[PDB]
């Protein structure tokens, strides 16, 4: 409630010290804002690595979905935060999580050309044959984007 609101603002601001103080006083680690985003969503969205590690250590749901079905891994794969992608997958983030558009984090990472995240997601079991609600796979994204370096990864 009130502590959950201050935790969402502290996570959005990248204040890891403020997040630690809120955790010791029983703040809801999985409080949701107006779009269903948890503090881990915001730390993953803005690239706050040290904030995400504090949240995950205190029981943050690594596979929490917002109102659009996006997980914290969906947001990191969009903005290209390689270090947080690694921390999420180490804490049990589902590489095949799916939002309301049918997108896996592999879809969003392939759309925005974050190939280093694509290979890490493949290492953790991301399915290349997964189709979104528009019948698109990662192969179709490489053709649409003309990304030869992505198609060269999928060929292996």
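Positions refer to the first chain, counted from 1.
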Revision key, fill the gap. Of 145-153 vs 1-9, the stretch with the larger average CA B-factor in the entry is 1-9
Exercise for review: Would you mind comparing 25-33 and 105-113 for me and telling me which has the higher average C-alpha temperature factor in the entry?
Suggested key: 25-33
Review point. Among the chain's modelled residues, which third holds the C-alpha B-factor of residue 64?
Key: lowest
Study note, to complete from the structure: Sorting the chain's modelled residues by C-alpha B-factor and splitting them into thirds places residue 75 in the lowest
Exercise for review: Could you look up the Cα B-factor of residue 93 in the entry and say which third of the chain it sits in: lowest, middle or highest?
Suggested key: lowest
Practice item. Quick one: classify residue 84 as lowest, middle or highest third of the chain based on its Cα B-factor. Key: middle
Check your understanding: What third of its chain, lowest, middle or highest, does the C-alpha temperature factor of residue 17 fall into?
Key -> highest
